[PDB]
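This is entry_5.cif. It holds mmCIF, C-alpha atoms and all ligand atoms.
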```cif
data_structure
#
loop_
_atom_site.label_atom_id
_atom_site.label_comp_id
_atom_site.auth_asym_id
_atom_site.auth_seq_id
_atom_site.Cartn_x
_atom_site.Cartn_y
_atom_site.Cartn_z
CA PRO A 1 85.60 150.63 96.33
CA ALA A 2 86.48 147.10 97.98
CA UNK A 3 90.61 146.46 100.52
CA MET A 4 91.65 149.28 97.94
CA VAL A 5 88.59 151.78 97.13
CA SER B 2 82.19 96.36 124.94
CA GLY B 3 82.19 99.37 122.63
CA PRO B 4 83.30 99.60 119.01
CA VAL B 5 86.72 98.24 118.08
CA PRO B 6 89.49 100.87 117.79
CA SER B 7 91.32 101.52 114.54
CA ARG B 8 94.46 103.25 113.31
CA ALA B 9 95.74 104.40 109.93
CA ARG B 10 97.95 101.98 108.02
CA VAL B 11 100.24 104.85 106.93
CA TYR B 12 101.51 108.04 108.59
CA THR B 13 100.07 106.89 111.91
CA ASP B 14 102.25 108.78 114.41
CA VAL B 15 103.49 111.70 112.30
CA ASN B 16 101.67 114.35 114.34
CA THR B 17 102.53 112.64 117.64
CA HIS B 18 106.23 112.86 116.75
CA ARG B 19 105.94 116.47 115.54
CA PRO B 20 106.51 119.36 117.95
CA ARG B 21 103.31 120.63 119.53
CA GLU B 22 103.60 123.86 117.52
CA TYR B 23 102.82 121.96 114.30
CA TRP B 24 99.34 120.72 115.22
CA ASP B 25 98.37 123.19 117.99
CA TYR B 26 96.47 125.57 115.74
CA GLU B 27 94.73 127.19 118.73
CA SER B 28 98.08 128.57 119.94
CA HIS B 29 98.97 129.82 116.45
CA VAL B 30 99.49 133.58 116.14
CA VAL B 31 98.30 135.07 112.84
CA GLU B 32 100.64 137.52 111.09
CA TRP B 33 98.28 139.97 109.39
CA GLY B 34 99.03 141.59 106.04
CA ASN B 35 97.83 144.82 104.45
CA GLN B 36 94.29 144.54 103.08
CA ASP B 37 94.81 147.81 101.16
CA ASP B 38 97.17 145.99 98.77
CA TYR B 39 94.23 144.24 97.07
CA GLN B 40 91.23 145.52 95.11
CA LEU B 41 88.26 143.21 94.56
CA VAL B 42 87.18 142.79 90.93
CA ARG B 43 84.29 140.30 90.68
CA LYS B 44 82.61 137.59 92.73
CA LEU B 45 83.35 133.96 91.88
CA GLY B 46 81.01 132.09 94.22
CA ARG B 47 78.90 132.20 97.35
CA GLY B 48 77.38 129.70 99.77
CA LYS B 49 77.28 129.26 103.55
CA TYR B 50 81.04 128.82 103.85
CA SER B 51 82.71 132.06 102.63
CA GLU B 52 82.42 134.64 99.84
CA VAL B 53 85.11 134.04 97.22
CA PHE B 54 86.27 137.04 95.18
CA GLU B 55 88.80 137.67 92.43
CA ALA B 56 91.09 140.60 93.23
CA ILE B 57 94.22 142.31 91.90
CA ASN B 58 97.38 142.83 93.96
CA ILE B 59 98.11 146.44 93.02
CA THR B 60 101.61 146.05 94.49
CA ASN B 61 102.88 143.82 91.66
CA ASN B 62 99.89 143.88 89.26
CA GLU B 63 99.18 140.19 89.86
CA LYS B 64 95.76 138.55 90.01
CA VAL B 65 94.72 136.96 93.31
CA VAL B 66 91.75 135.16 94.86
CA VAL B 67 90.34 136.45 98.16
CA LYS B 68 88.17 134.29 100.43
CA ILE B 69 86.12 136.28 102.94
CA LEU B 70 85.76 134.15 106.07
CA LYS B 71 82.40 133.98 107.84
CA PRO B 72 81.76 134.92 111.49
CA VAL B 73 82.42 131.31 112.52
CA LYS B 74 84.51 130.20 115.51
CA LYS B 75 88.08 131.47 115.70
CA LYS B 76 89.05 127.92 116.73
CA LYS B 77 88.26 126.61 113.24
CA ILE B 78 89.64 129.67 111.44
CA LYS B 79 93.09 129.15 112.96
CA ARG B 80 92.97 125.47 111.99
CA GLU B 81 92.53 126.20 108.28
CA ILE B 82 95.28 128.83 108.45
CA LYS B 83 97.71 126.48 110.22
CA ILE B 84 96.96 123.65 107.79
CA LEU B 85 97.51 125.92 104.78
CA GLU B 86 100.86 127.06 106.19
CA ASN B 87 102.08 123.54 106.97
CA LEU B 88 101.26 122.50 103.38
CA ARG B 89 102.65 125.64 101.70
CA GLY B 90 104.84 124.52 98.81
CA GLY B 91 103.39 121.03 98.41
CA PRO B 92 102.56 119.49 95.04
CA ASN B 93 99.19 120.64 93.65
CA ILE B 94 98.31 122.25 97.01
CA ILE B 95 96.77 125.71 96.93
CA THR B 96 99.27 128.31 98.13
CA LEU B 97 98.21 130.81 100.80
CA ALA B 98 99.69 134.15 99.73
CA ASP B 99 98.47 136.50 102.48
CA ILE B 100 96.10 136.93 105.42
CA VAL B 101 94.53 140.34 106.03
CA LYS B 102 92.04 141.88 108.47
CA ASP B 103 89.15 144.22 107.75
CA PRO B 104 90.10 147.53 109.45
CA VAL B 105 86.45 148.25 110.34
CA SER B 106 84.68 144.94 111.03
CA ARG B 107 87.88 143.00 111.90
CA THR B 108 86.79 140.23 109.51
CA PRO B 109 89.62 137.93 108.38
CA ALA B 110 90.34 137.27 104.72
CA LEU B 111 92.62 134.71 103.05
CA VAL B 112 94.56 135.61 99.89
CA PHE B 113 95.61 132.81 97.53
CA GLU B 114 97.60 132.69 94.33
CA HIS B 115 95.37 133.27 91.32
CA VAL B 116 93.69 130.14 89.96
CA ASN B 117 91.54 129.74 86.87
CA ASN B 118 87.99 129.65 88.23
CA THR B 119 87.38 126.31 86.48
CA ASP B 120 86.85 123.56 89.04
CA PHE B 121 87.20 119.90 88.12
CA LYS B 122 83.40 119.54 88.12
CA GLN B 123 82.90 121.56 84.92
CA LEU B 124 85.47 119.39 83.12
CA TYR B 125 85.74 115.83 84.52
CA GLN B 126 82.69 114.50 82.63
CA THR B 127 84.29 115.46 79.29
CA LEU B 128 87.81 114.04 79.66
CA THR B 129 89.64 111.37 77.69
CA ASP B 130 91.05 108.10 79.02
CA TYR B 131 94.55 109.55 79.35
CA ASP B 132 93.27 112.77 80.95
CA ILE B 133 91.46 110.82 83.68
CA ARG B 134 94.62 108.84 84.45
CA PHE B 135 96.76 112.00 84.46
CA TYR B 136 94.49 114.15 86.65
CA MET B 137 93.80 111.28 89.05
CA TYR B 138 97.58 111.00 89.49
CA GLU B 139 97.84 114.73 90.19
CA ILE B 140 95.05 114.53 92.76
CA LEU B 141 96.92 111.61 94.33
CA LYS B 142 100.05 113.77 94.62
CA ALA B 143 98.17 116.29 96.75
CA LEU B 144 96.52 113.59 98.86
CA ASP B 145 99.74 111.68 99.54
CA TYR B 146 101.54 114.89 100.50
CA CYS B 147 98.97 116.17 103.01
CA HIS B 148 98.57 112.65 104.42
CA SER B 149 102.34 112.47 104.94
CA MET B 150 102.04 115.82 106.75
CA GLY B 151 99.44 114.38 109.13
CA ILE B 152 96.47 116.19 107.56
CA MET B 153 93.31 114.71 106.03
CA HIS B 154 91.23 116.86 103.68
CA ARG B 155 87.85 115.28 104.56
CA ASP B 156 86.10 117.06 101.67
CA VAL B 157 87.42 115.62 98.40
CA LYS B 158 84.95 116.44 95.61
CA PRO B 159 85.09 117.88 92.08
CA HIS B 160 84.05 121.34 93.31
CA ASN B 161 87.15 121.42 95.55
CA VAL B 162 89.57 120.68 92.67
CA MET B 163 90.66 123.66 90.58
CA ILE B 164 91.99 122.80 87.12
CA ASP B 165 93.85 124.66 84.35
CA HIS B 166 93.29 122.37 81.37
CA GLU B 167 95.36 124.49 78.98
CA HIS B 168 98.54 124.25 81.08
CA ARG B 169 97.52 120.89 82.60
CA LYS B 170 97.90 122.14 86.20
CA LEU B 171 95.69 121.10 89.10
CA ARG B 172 95.25 122.50 92.61
CA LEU B 173 93.41 121.01 95.58
CA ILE B 174 91.54 123.80 97.36
CA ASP B 175 89.10 124.45 100.23
CA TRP B 176 90.84 123.17 103.38
CA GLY B 177 88.12 124.41 105.73
CA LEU B 178 87.16 120.85 106.71
CA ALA B 179 90.74 119.56 106.96
CA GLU B 180 91.92 118.23 110.31
CA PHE B 181 95.09 116.89 111.89
CA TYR B 182 95.14 113.12 112.38
CA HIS B 183 96.01 111.82 115.85
CA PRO B 184 95.69 108.10 116.70
CA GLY B 185 92.68 107.22 118.83
CA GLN B 186 90.87 110.50 118.19
CA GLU B 187 87.12 110.33 117.53
CA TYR B 188 86.23 112.91 114.89
CA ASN B 189 82.94 114.44 113.80
CA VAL B 190 81.23 112.25 111.21
CA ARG B 191 79.35 115.19 109.65
CA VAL B 192 82.13 116.06 107.21
CA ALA B 193 82.50 115.98 103.41
CA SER B 194 79.65 116.15 100.91
CA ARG B 195 76.72 113.73 100.90
CA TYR B 196 77.64 112.07 97.59
CA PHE B 197 81.21 111.48 98.84
CA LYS B 198 80.72 110.42 102.47
CA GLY B 199 82.45 107.14 103.21
CA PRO B 200 80.60 104.26 104.87
CA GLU B 201 82.43 104.99 108.14
CA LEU B 202 80.72 108.40 108.30
CA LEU B 203 77.32 106.91 107.45
CA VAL B 204 77.49 104.22 110.17
CA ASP B 205 78.96 106.78 112.61
CA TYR B 206 82.43 105.33 113.11
CA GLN B 207 84.32 108.30 114.53
CA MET B 208 87.84 106.79 114.57
CA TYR B 209 88.59 107.18 110.87
CA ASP B 210 91.76 108.41 109.17
CA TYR B 211 93.27 109.31 105.79
CA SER B 212 91.31 106.51 104.09
CA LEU B 213 88.22 108.75 104.14
CA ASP B 214 89.73 110.80 101.30
CA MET B 215 90.39 107.62 99.31
CA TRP B 216 86.68 106.75 99.29
CA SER B 217 85.79 110.25 98.09
CA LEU B 218 88.48 109.89 95.42
CA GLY B 219 86.95 106.58 94.36
CA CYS B 220 83.56 108.26 93.97
CA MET B 221 85.14 110.82 91.64
CA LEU B 222 86.79 108.09 89.56
CA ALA B 223 83.55 106.09 89.30
CA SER B 224 81.76 109.28 88.24
CA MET B 225 84.27 109.80 85.40
CA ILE B 226 84.93 106.37 83.87
CA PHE B 227 81.20 105.53 84.01
CA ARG B 228 79.88 108.97 82.96
CA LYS B 229 77.45 108.99 85.90
CA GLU B 230 77.33 112.12 88.07
CA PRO B 231 77.13 111.43 90.95
CA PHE B 232 77.85 107.69 91.21
CA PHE B 233 76.07 107.41 94.59
CA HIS B 234 73.01 109.67 94.34
CA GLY B 235 71.19 109.33 97.65
CA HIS B 236 68.40 111.65 98.77
CA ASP B 237 69.78 111.93 102.33
CA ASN B 238 72.52 110.55 104.58
CA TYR B 239 70.54 107.38 105.34
CA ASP B 240 69.66 106.75 101.70
CA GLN B 241 73.30 107.40 100.76
CA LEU B 242 74.30 104.16 102.51
CA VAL B 243 71.44 102.37 100.74
CA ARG B 244 72.70 103.44 97.31
CA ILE B 245 76.19 102.24 98.27
CA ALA B 246 74.83 98.89 99.49
CA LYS B 247 72.91 98.45 96.22
CA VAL B 248 76.31 98.37 94.45
CA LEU B 249 78.79 96.90 96.95
CA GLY B 250 76.31 94.47 98.50
CA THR B 251 75.07 94.19 102.06
CA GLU B 252 77.12 91.09 102.93
CA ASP B 253 80.36 93.06 103.17
CA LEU B 254 78.50 95.87 104.95
CA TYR B 255 77.37 93.72 107.88
CA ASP B 256 80.76 91.99 108.02
CA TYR B 257 82.39 95.43 108.20
CA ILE B 258 80.02 96.34 111.05
CA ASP B 259 80.59 93.14 113.04
CA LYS B 260 84.37 93.46 112.65
CA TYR B 261 84.61 96.90 114.29
CA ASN B 262 81.61 96.21 116.57
CA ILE B 263 79.82 99.25 115.15
CA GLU B 264 76.40 99.99 116.67
CA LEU B 265 74.39 100.59 113.50
CA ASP B 266 71.47 103.00 113.66
CA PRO B 267 68.27 100.93 114.09
CA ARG B 268 66.57 102.97 111.34
CA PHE B 269 68.91 101.50 108.71
CA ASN B 270 67.45 98.02 109.28
CA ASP B 271 64.09 99.09 107.81
CA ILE B 272 65.62 100.46 104.57
CA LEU B 273 68.63 98.17 103.96
CA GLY B 274 67.51 94.58 103.44
CA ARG B 275 69.61 92.32 101.21
CA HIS B 276 71.55 93.34 98.10
CA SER B 277 73.97 91.19 96.14
CA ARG B 278 77.23 92.69 94.95
CA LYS B 279 76.96 94.06 91.41
CA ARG B 280 80.09 93.67 89.30
CA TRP B 281 81.68 96.84 87.95
CA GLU B 282 81.30 95.57 84.37
CA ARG B 283 77.52 95.96 84.75
CA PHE B 284 77.89 99.78 84.78
CA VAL B 285 79.57 99.81 81.35
CA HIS B 286 77.45 100.89 78.38
CA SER B 287 78.27 102.16 74.89
CA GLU B 288 78.86 105.74 76.08
CA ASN B 289 81.55 104.95 78.68
CA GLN B 290 83.18 101.73 77.40
CA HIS B 291 86.21 103.58 76.02
CA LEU B 292 86.96 105.02 79.48
CA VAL B 293 86.67 101.64 81.26
CA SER B 294 89.53 99.14 81.29
CA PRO B 295 90.45 96.11 83.42
CA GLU B 296 93.03 98.30 85.17
CA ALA B 297 90.40 100.96 85.90
CA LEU B 298 87.97 98.46 87.43
CA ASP B 299 90.68 96.78 89.52
CA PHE B 300 91.88 100.16 90.77
CA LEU B 301 88.31 101.29 91.47
CA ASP B 302 87.42 98.06 93.27
CA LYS B 303 90.36 98.57 95.64
CA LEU B 304 89.21 102.12 96.47
CA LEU B 305 85.46 101.67 97.08
CA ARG B 306 85.54 99.28 100.02
CA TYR B 307 83.56 99.33 103.26
CA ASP B 308 86.61 98.51 105.39
CA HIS B 309 88.67 101.70 105.48
CA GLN B 310 91.76 99.62 106.28
CA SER B 311 91.30 97.56 103.10
CA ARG B 312 91.31 100.63 100.83
CA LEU B 313 94.45 101.60 98.96
CA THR B 314 96.49 104.40 100.45
CA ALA B 315 97.50 107.39 98.36
CA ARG B 316 101.01 105.96 97.99
CA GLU B 317 99.82 102.45 97.07
CA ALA B 318 97.41 103.94 94.52
CA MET B 319 100.21 105.65 92.57
CA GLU B 320 101.98 102.30 92.11
CA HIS B 321 98.90 100.72 90.53
CA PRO B 322 99.21 99.53 86.90
CA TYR B 323 96.41 101.99 86.09
CA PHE B 324 99.02 104.80 86.09
CA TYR B 325 101.86 102.95 84.33
CA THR B 326 101.59 104.96 81.10
CA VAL B 327 101.39 108.27 82.98
CA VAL B 328 104.44 107.64 85.18
CA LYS B 329 106.58 106.55 82.22
CA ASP B 330 105.65 109.80 80.44
CA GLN B 331 107.13 111.83 83.33
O1 LIG C 401 90.45 127.41 99.39
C1 LIG C 401 89.46 127.88 98.80
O2 LIG C 401 88.28 127.90 99.20
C2 LIG C 401 89.71 128.51 97.43
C3 LIG C 401 90.97 128.45 96.83
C4 LIG C 401 91.16 129.03 95.59
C5 LIG C 401 90.07 129.65 94.98
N1 LIG C 401 88.87 129.72 95.54
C6 LIG C 401 88.70 129.16 96.73
#
```

Would you write the structure of this file as structure tokens?
Amino acid sequence: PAXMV
Amino acid sequence: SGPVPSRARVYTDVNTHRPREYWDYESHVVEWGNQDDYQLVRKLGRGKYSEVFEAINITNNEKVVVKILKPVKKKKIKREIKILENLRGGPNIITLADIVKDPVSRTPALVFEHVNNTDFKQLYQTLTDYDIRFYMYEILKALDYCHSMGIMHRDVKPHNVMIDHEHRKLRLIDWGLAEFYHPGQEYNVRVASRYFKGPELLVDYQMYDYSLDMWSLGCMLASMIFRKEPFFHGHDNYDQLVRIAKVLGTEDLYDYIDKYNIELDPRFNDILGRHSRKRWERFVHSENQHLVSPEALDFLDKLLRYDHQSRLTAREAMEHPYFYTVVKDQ
């Protein structure tokens, strides 16, 4: 969910 | 006539002799990485300087620390990047691993090697005599390196010193206030933290140098060997100089001012007055006597001086007898 999901 | 100029006693013309590419951070081009290689895990700290996160590099399954930069000026953001690259590989200097850009908001982000989120502040009031000597020597290694590279940190404080007590490693972090030293330059005096501002910043002497970090280092040492945090606890920038004068004495303060022809703020005259110099032995009680030694007081007295030229340099400090046992153990 936050750079990568 | 104006105030009297000054120059550093060490590493004076390093940046002048360097190619312009070294210290021209405005002309530096940033090579951007891939932000999708990192996944944020938890927040480590906040404040009006950046949002620091702990992330995981999913490429090699290694932990990292990501610092989200604030919408400040690009001029200062390139300076911190250039300083971190010039110092990459130095002793006890934080290593910049990657620089990425937000694909949506275009916000920059710095990626560092993972560090135990234990700053020196949560540990330096609980150290032994040998630990203080050892960690002071490691902090000196980082200061002497960046000074030799023509860079002054200008924000030395326990919160900017990351420590791994188990493996006895130390890293000097937060280079957002760091600046290249050029002779004759007049810098902004509103740098460093209040409890660690040198007298040259308090009397508004803009032509300072590496010796500013040595005063801040002396405040950390006084806070440790005396078990008093902070050692100079002023309620503002003006009172900060008053608390310093209550210890070092006002005689050497006004001699320091007349030497460099510093135009002191007229508001200081109403709050300064006269203070005799208090000896460092007077700060020793039963709870800190085991951390205080004649070598500690002599080393501390040569760091906390009004005259920035009289202070020990980072190189001279390592050769002090205070670190004789630590150097022999290397
Ligand atoms: O440079 C910084 O601000 C920094 C470095 C490591 C970890 N947290 C912050």

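Nearest to ligand LIG 401 (chain C) of all the residues B:228, B:236, B:329, B:115 is B:115, based on all atoms listed in the file.
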
Is it possible to get the residues within 12 Å of (86.9, 148.3, 97.4) (coordinates as in the file, counting all atoms listed in the file) written as an mmCIF file with C-alpha atoms, in the frame of the given file?
```
data_model
loop_
_atom_site.group_PDB
_atom_site.id
_atom_site.type_symbol
_atom_site.label_atom_id
_atom_site.label_comp_id
_atom_site.auth_asym_id
_atom_site.auth_seq_id
_atom_site.Cartn_x
_atom_site.Cartn_y
_atom_site.Cartn_z
ATOM 1 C CA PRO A 1 85.600 150.630 96.330
ATOM 2 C CA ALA A 2 86.480 147.100 97.980
ATOM 3 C CA UNK A 3 90.610 146.460 100.520
ATOM 4 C CA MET A 4 91.650 149.280 97.940
ATOM 5 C CA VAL A 5 88.590 151.780 97.130
ATOM 6 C CA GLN B 36 94.290 144.540 103.080
ATOM 7 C CA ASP B 37 94.810 147.810 101.160
ATOM 8 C CA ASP B 38 97.170 145.990 98.770
ATOM 9 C CA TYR B 39 94.230 144.240 97.070
ATOM 10 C CA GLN B 40 91.230 145.520 95.110
ATOM 11 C CA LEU B 41 88.260 143.210 94.560
ATOM 12 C CA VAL B 42 87.180 142.790 90.930
ATOM 13 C CA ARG B 43 84.290 140.300 90.680
ATOM 14 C CA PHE B 54 86.270 137.040 95.180
ATOM 15 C CA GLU B 55 88.800 137.670 92.430
ATOM 16 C CA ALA B 56 91.090 140.600 93.230
ATOM 17 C CA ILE B 57 94.220 142.310 91.900
ATOM 18 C CA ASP B 103 89.150 144.220 107.750
#
```

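The protein and nucleic acid residues lying at most 9 Å from residue 221 of chain B are residues 125, 157, 158, 159, 197, 216, 217, 225, 226, 230, 231 and 232 of chain B, with all atoms listed in the file considered and sequence neighbours fewer than 4 positions away removed.
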
Let me know the centre plus edge lengths, in Å and rounded to one decimal, of a box with edges along x, y and z that contains all listed atoms of ligand LIG 401 (chain C) and is padded by 8 Å on every side, as AutoDock Vina command-line options.
```
--center_x 89.7 --center_y 128.6 --center_z 97.2 --size_x 18.9 --size_y 18.3 --size_z 20.4
```

**Report entry** Protein and nucleic residues near ligand LIG 401 (chain C), 8 Å, all atoms listed in the file, as a list in words
**Finding:** residues 45, 51, 53, 54, 66, 67, 68, 95, 113, 114, 115, 116, 118, 161, 163, 173, 174, 175, 176 and 177 of chain B

How would the residues just chosen look if you wrote them out with C-alpha atoms as a compact mmCIF listing (two decimals), in the frame of the given file?
```txt
# COMPACT_ATOMS: atom_id res chain seq x y z
CA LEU B 45 83.35 133.96 91.88
CA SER B 51 82.71 132.06 102.63
CA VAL B 53 85.11 134.04 97.22
CA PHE B 54 86.27 137.04 95.18
CA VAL B 66 91.75 135.16 94.86
CA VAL B 67 90.34 136.45 98.16
CA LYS B 68 88.17 134.29 100.43
CA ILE B 95 96.77 125.71 96.93
CA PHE B 113 95.61 132.81 97.53
CA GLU B 114 97.60 132.69 94.33
CA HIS B 115 95.37 133.27 91.32
CA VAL B 116 93.69 130.14 89.96
CA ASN B 118 87.99 129.65 88.23
CA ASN B 161 87.15 121.42 95.55
CA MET B 163 90.66 123.66 90.58
CA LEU B 173 93.41 121.01 95.58
CA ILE B 174 91.54 123.80 97.36
CA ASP B 175 89.10 124.45 100.23
CA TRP B 176 90.84 123.17 103.38
CA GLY B 177 88.12 124.41 105.73
```

Report task. Pull the neighbourhood of (77.0, 93.3, 94.3) for me: all residues within 7 Å in file coordinates, counting all atoms listed in the file, as an NGL selection string. Result -> :B and (247-250 or 276-280)

Requested in this report: Mind giving me the straight-line distance from atom CA of residue 33 of chain B to atom CA of residue 105 of chain B in Å, one decimal?
Outcome: 14.5 Å

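Atom CA of residue 151 of chain B sits 23.7 Å away from atom CA of residue 112 of chain B.
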
Residues near residue 274 of chain B, cut-off 12 Å, all atoms listed in the file, skip fewer than 6 positions along chain, as a CSV table (one decimal) with C-alpha atoms, in the coordinates of the input:
```csv
chain,number,residue,atom,x,y,z
B,242,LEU,CA,74.3,104.2,102.5
B,243,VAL,CA,71.4,102.4,100.7
B,244,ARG,CA,72.7,103.4,97.3
B,246,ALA,CA,74.8,98.9,99.5
B,247,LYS,CA,72.9,98.4,96.2
B,250,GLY,CA,76.3,94.5,98.5
B,251,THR,CA,75.1,94.2,102.1
B,252,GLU,CA,77.1,91.1,102.9
B,254,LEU,CA,78.5,95.9,105.0
B,255,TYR,CA,77.4,93.7,107.9
B,268,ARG,CA,66.6,103.0,111.3
```

**Report entry** Separation of atom CA of residue 211 of chain B from atom CA of residue 16 of chain B in Å
**Finding:** 13.0 Å

**Report entry** Surrounding residues of segment 84-88 of chain B excluding itself and chain neighbours under 2 positions, 12 Å, all atoms listed in the file, as a PyMOL selection string
**Finding:** chain B and resi 16+19+22-27+29-32+77-82+90-100+111-113+143-154+173-182

Proximity of segment 142-227 of chain B to segment 297-321 of chain B: per-residue shortest pair, 8 Å limit, only C-alpha atoms, as a tab-separated table:
```
residue	atom	partner	partner_atom	distance
B:142	CA	B:315	CA	7.8
B:144	CA	B:315	CA	6.3
B:145	CA	B:315	CA	5.0
B:199	CA	B:307	CA	7.9
B:200	CA	B:307	CA	6.0
B:201	CA	B:309	CA	7.5
B:209	CA	B:309	CA	7.7
B:211	CA	B:314	CA	7.9
B:212	CA	B:309	CA	5.7
B:213	CA	B:309	CA	7.2
B:215	CA	B:304	CA	6.3
B:216	CA	B:305	CA	5.7
B:218	CA	B:304	CA	7.9
B:219	CA	B:304	CA	5.4
B:220	CA	B:305	CA	7.5
B:222	CA	B:301	CA	7.2
B:223	CA	B:301	CA	7.1
B:226	CA	B:297	CA	8.0
```
